[PDB]
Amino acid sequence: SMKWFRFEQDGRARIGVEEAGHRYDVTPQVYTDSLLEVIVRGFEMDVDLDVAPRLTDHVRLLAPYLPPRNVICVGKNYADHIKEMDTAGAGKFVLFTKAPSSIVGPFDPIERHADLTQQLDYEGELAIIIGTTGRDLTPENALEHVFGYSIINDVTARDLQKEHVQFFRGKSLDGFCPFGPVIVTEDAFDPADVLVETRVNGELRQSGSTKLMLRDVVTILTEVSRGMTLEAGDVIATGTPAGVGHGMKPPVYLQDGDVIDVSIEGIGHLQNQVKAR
């Protein structure tokens, strides 16, 4: 299970991988500090371990990369109490984006923006990382265009969503797209039945298998790419399970100090704190 990440050394990006529990610095074998560059190139640079470091756990991960275009996001994509027949709520295939300016990496603060929002909310999500440019993907070739998977927190201003009608602005304020901590390779990861959970200050809020997805990974790839080219390094956020602050009775919104922990089994933890400034 090769996992890819970027980590910080001397205020400067380096690249690391993870096979069975330890973190080797692979920058030398792969000849770049851009993990986007590693994906776009569309080959793995014949890296062999038992050669390069094994640095400490307090190493500090960065966002995998700055997406070259807006993060593509799916709307309601999760069934609640599994069954629910062949539906959950309407069932339109809803697509919108998040400006790359909104990306932050692991443990980075989420800017609170109290002047702009009093309904700040979380959404824990499985992210598809596109490895090969293509269009009109089929069930047979879809996964061949996937480099791997990561976590997105689709942070959202529920009031800006209605105020600007289209979701773009309320999802795109600086800080609103935690991304990371690592990319697990397509070969090392089956998205059929993985657990997506969110904790806020330690309280379990979201806990849903990818088996509850109304459109699975292959269907998302198939539908998204119809008449629209996907670029190498595209990030597709595949929706969020039940338990969103807005959907709670009564509704609960994120405040200055709140710590959000999104986890996906096989990938890891993306934790960010809401902080004012």
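Note that residue numbering begins at 1 and tracks the sequence as displayed.
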The stretch whose C-alpha atoms carry the larger average B-factor in the entry, 227-235 or 41-49, is 41-49
Going by the entry, of stretches 168-176 and 132-140 the one with greater average Cα B-factor is 132-140
Highest CA B factor of 29, 219, 70, 210, as deposited, is found at 29
Per the deposited B-factor column, the C-alpha that peaks among 88, 110, 127, 74 belongs to 88
Among the modelled residues of its chain, the C-alpha B-factor of residue 205 falls in the third labelled lowest
Assert third(CA B-factor, residue 59) within chain per record equals highest
Residue 117: C-alpha B-factor third of its chain, per the entry, is the middle
Among the modelled residues of its chain, the C-alpha B-factor of residue 258 falls in the third labelled lowest
Split the chain's modelled residues into thirds by Cα B-factor; residue 245 lands in the middle
